[PDB]
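Okay, structure first, notes after.
Note that the chains take the letters A, B, C, D, E and F in the order they are written out, and that residue 1 is the start of every chain.
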């Protein structure tokens, strides 16, 4: 049951989205970056 | 060669420098002082004139 | 680099007579949809008329209207308009167009307009092969039965005779709500409605599979024991075909009920539109009301 | 609520009694029985009746349309849907009445939506040692 | 740890504004060309092996 | 007439290119001619 769930958190200006890397313990992770991010938490709702 | 004689039609677009003449006081532009509108956010504010 | 605009200006390119400006002033506090948000937009992109293609399908217009942005109209003046996007959760005053009569606490939905009677009031902004087609703001029951009836027509169109389908269309095109008479235009079949039908059938079958034997037998047991108006009327719609329950398992049944709730939600949201307003005040003239915003 | 008609049996009494006690984080309160005086109240009975009627109707209704859509379907989920109905069938009409039957299904489905969709009014971030008080951000 | 659950994300003087960091494997886009305003959703799907 | 026994009680309509999945497309004439040609070929090559 509940094969998939979607919840909403955030709205952004599309031009802000950029790519950058993250460093911890001297190792690098590659991430996408949404610069001016404003959050609005939504509840889980499931779709089948 | 088959029994037809197709013709081609095509368009070529150019980039051009123009000149423009107009008579003095040929039209009147009427204006008002710019109107300022405020829009607010916590991060930043923008002003529209 | 560029933020979202909250106040939208609009300027009609064609000249407006005093009658056009008066008709526009009457439209203060109406709900106008726009496809994209900019600080200064033209009347070609304003209104619903742009999406009226050669198909004219109501279901496709309903689907396409959902993706638009909702704006409230303010401060109409000489050749200029001010459109204002309502922030979520605040209180706003609104104007209504349809012959629907509102009340306290209705959940309002936005939909493409129907027409009442002879289509007699459409002389508003006839300027330049363009129309200021407003959407219809209606309370929840009317939108629910609208979506239900289009879905019913879509399902019934399957494999049935064209003449019987036309009789069903004649029945289902007409809607009565709060002693007002409405008629749907263009109940055509469209890809959006086909996808809705596919999802509806899948959800119905999954509900039928998940439902436990207790749920199946409860109707017949209650009908055998009790006799009431609702029970006999619902049995008349059903089909006719003591003992202790052979399976008694609360855990499996509660898990089953959770899954069936999931599938019922999947069936529900097909007919449930997104709530736009909840109203608690009304003008005694019924034209204007103050409503809280959501969505 | 659905067990209201089988209360005379010990199995149903035991199941209901085990149902009443709900256990949560350091809480073990019991939810009162909706069946009182060997009878059920009107709204809860209507909820159960509508639930069971929707579940009973869907089985007969969906079978006729699922085969047509599977004939039209290209994503094969409706075909497996018809297979699911085939296994259900092994396990166990006038047009206006068909229209009224679909209408009945959906109109009673309207009633059930209240119990089907819970709504969140508060989410918390502050808890006191005075724990019976907390701060929340509001949603509606 | 400090967490915001409304609005933008900025330091004490708002001299610096922090972004939301999402790894490339977990980031998904369906539309090929973006519109000015777009929302962020979290999706969990189950592959019933 | 039944030599194949199937788990799934209802067949699905074929789709997608042949590079995605293995399917048995099989005209009767093609199979019969294939067999009747192959039979003699095996015999050809104290």
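Couple of notes before you dig in:
Here, contacts are C-beta pairs under 8 Å (C-beta built on N, C-alpha and C of every residue); 3 or more make two chains touch, one makes a residue touch a chain.
The chains that touch chain C as well as chain F are D.
Here C is the chain whose Cα centre lies closest to the centre of all protein Cα atoms. Relative to chain F, the most remote chain by averaged C-alpha coordinates is B. Set side by side, the interfaces D-F and A-E show unequal numbers of C-beta pairs in contact, with more at A-E.
Averaging Cα coordinates per chain places chain A and chain B 38 Å apart.
Centres computed as Cα averages put chain B at a distance of 40 Å from chain C. Each chain gets one centre point, the mean of its Cα atoms, and the points for chain C and chain D are 24 Å apart. With centres defined as mean CA coordinates, chain F is found 50 Å away from chain A. Looking at chain B, one finds that residues 41, 43 touch two or more other chains. Shared interface positions of chain C, i.e. residues touching 2 or more other chains, are given as 2-4, 202, 206, 265. Shared contact sites, meaning residues of chain E that touch two or more other chains, fall at 5-8, 17, 35-37. In the complex of the two chains, the chain C residues touching chain A come out as 1-4, 202-203, 206, 255, 258-259, 262-263, 265-266. Across the complex, chain D meets chain F through its residues 74, 76, 79-80, 82-83, 86-87. Those residues of chain C that touch chain B in the complex are listed here as 3, 5-7, 39. By the touch rule above, chain B contacts chain C in their complex via residues 37, 39, 41, 44, 46, 48. Across the interface of their complex, chain E is touched by residues 2, 4, 36-37 of chain C.
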